[PDB]
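Take a look at the structure tokens below, where one protein chain is shown in two forms, each on its own, as structure 1 and structure 2.
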Structure 1
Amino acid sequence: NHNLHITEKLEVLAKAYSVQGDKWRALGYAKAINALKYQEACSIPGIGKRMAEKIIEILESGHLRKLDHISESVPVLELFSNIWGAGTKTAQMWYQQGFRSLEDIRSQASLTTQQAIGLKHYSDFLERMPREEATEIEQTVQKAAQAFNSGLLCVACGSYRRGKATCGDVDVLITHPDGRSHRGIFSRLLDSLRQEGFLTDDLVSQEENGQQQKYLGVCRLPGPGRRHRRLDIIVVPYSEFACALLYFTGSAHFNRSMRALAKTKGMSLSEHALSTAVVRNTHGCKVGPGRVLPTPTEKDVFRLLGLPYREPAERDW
């Protein structure tokens, strides 16, 4: 990156729009900020005239005036928004109600079960773990899984799979290549991890149902010097394994770019599958289902979209 004086100033702006709920403008900035990672400004995709102008103001002037006049509410909104389970609406509401610190939130705010947990682990959830710790967390989930049923497939996705040194959490994808081998596997896996005292909190866990798709919660390895880590587990049918793998590996931007591409071909891509001949209206909204395509591997999904394959490492963007 040859433009950090510029990007870091836009970045602040990106986050400010994001936390204030102007999500499409934030999206716009995020693209431009990755491009950078006047005539020449426009030349790059993701960078329009209005973005170009802001770069020239930084290049020429050295300050950025929209930066100067960012609402002073924004740092507090970002403080609040980093509570897991709280987003831009809740953060604004709290602000409106006069709250300005986590101490206020603690003593005065009404909190959902999820938000109380997020607050309890506020610092921990802002940290990233060394990818080696992610390895141990995966192995812990895997061995519990495989004990119940061997041959089961367990794999760490997200930033871990993309080869990052550090991970914000652990994403464990579980599947069985032997058809429909899992009935109430969540019941047993989670009970298993609870008995070990490995899980510390649950954020999202609809266990009253049966067809629980995901578990999102909190875990902590045994011994001194350990922090609470976020853990997401999903169990999928084997036929959906490549698409689940692709989804859960990300990046989020990579996924959305790829999904947006499929939409351009009358196709559709989700955690579940890649479909063809999807019927959508003038607003881009699905009005008729297409038809699931065979995708035994990730390479198939790429191939069926007419794309060259990309290793997980090359999917940060």
Structure 2
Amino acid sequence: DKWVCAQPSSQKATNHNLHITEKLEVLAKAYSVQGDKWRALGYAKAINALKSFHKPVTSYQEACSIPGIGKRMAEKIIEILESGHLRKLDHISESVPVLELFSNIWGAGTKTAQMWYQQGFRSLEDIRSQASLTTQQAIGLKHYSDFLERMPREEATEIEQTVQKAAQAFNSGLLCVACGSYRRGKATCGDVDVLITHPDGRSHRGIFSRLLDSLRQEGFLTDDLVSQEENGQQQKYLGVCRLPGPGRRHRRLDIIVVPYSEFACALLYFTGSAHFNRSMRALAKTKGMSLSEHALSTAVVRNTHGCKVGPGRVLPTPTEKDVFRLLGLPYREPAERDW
């Protein structure tokens, strides 16, 4: 089947092609930090296909039979399979490790990394001492090492509980759901994602700013990166937190507050994975629908030229299950969405 959102990610639990995917991931990451996002996307999808496959790939013909693998990818797969190496890795530009270093700063992407490299910068100390930094990038740089680590799941638990307890002190009826990789059951988490709503349809209002102010006053929030406080029905905070007590590190924290009617689509989005979401949204589009963090809708409205001019009509979805049902997809628990 061609659609990862129609398949359980536990197919990847035994990677029969580890020898191959480890090499391809180096090349994929090189393309990614150079800004070749669509080539890197094609690699990411081929790597998932190899991880998912039910046995070691043993021939070029078999490789080409797998959705997501074409002639070029099959050539590399078979070189690695039969020689143990991928010669193309030997020819990656010496700039790539530096571009990776620079784009590991939160708020600096490929264009900023390229610019710094062209200015002659090569190290994080060069950046700190000489580079022009946005407000977000200066936070990302000062927390560079803390943010590159994935935290143990146990620490993510303490963080999501800190947020939940602070929110429920304002209204005990709030639902506070840890999402992202935490909800998908992972043993380590790049950050903590928290979704908040209230089943009465109204009492989520106002909680966002009260909650951030409370967590700031206790010293739990240490830096803010992005705030969407007033635009529409959903509110979003991206920032930095730190648990109390000795030796604790700074961690990225994302919070979203949504009305109850959008809870299912916000939960589905924020649980991810990102590749799962992109697959499910592309599938919705082929079925004459549109899927976002706000709703599952009928197809967006377009004009004579093909240009989107307005939203489609919302289809009510009380639960995550309803989105899957309306798309004709087998339901997947969060841990099975880890694409």
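Residue numbering: sequential along structure 1, first residue numbered 1. Take the two forms, superpose them, and find the largest set of C-alpha atoms that agree within 1.5 Å; that set is the rigid core.
The comparison between structures 1 and 2, aligned on the rigid core, picks out a single residue among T113, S107, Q97, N209 whose CA moves by 2 Å or more, and that residue is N209.
Once both forms are fitted on their core, the CA shift for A26 between structures 1 and 2 remains under 2 Å. Once both forms are overlaid on the rigid core, the distance between the two CA positions of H63 between structures 1 and 2 is 2 angstroms or more. Core-superposed comparison between structures 1 and 2: CA of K263 displaced by less than 2 Å. The rigid core superposition between structures 1 and 2 gives a CA shift for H283 of 9.7 Å.
The two forms line up on their rigid core, and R303 then has its Cα shifted by 0.2 Å between structures 1 and 2.
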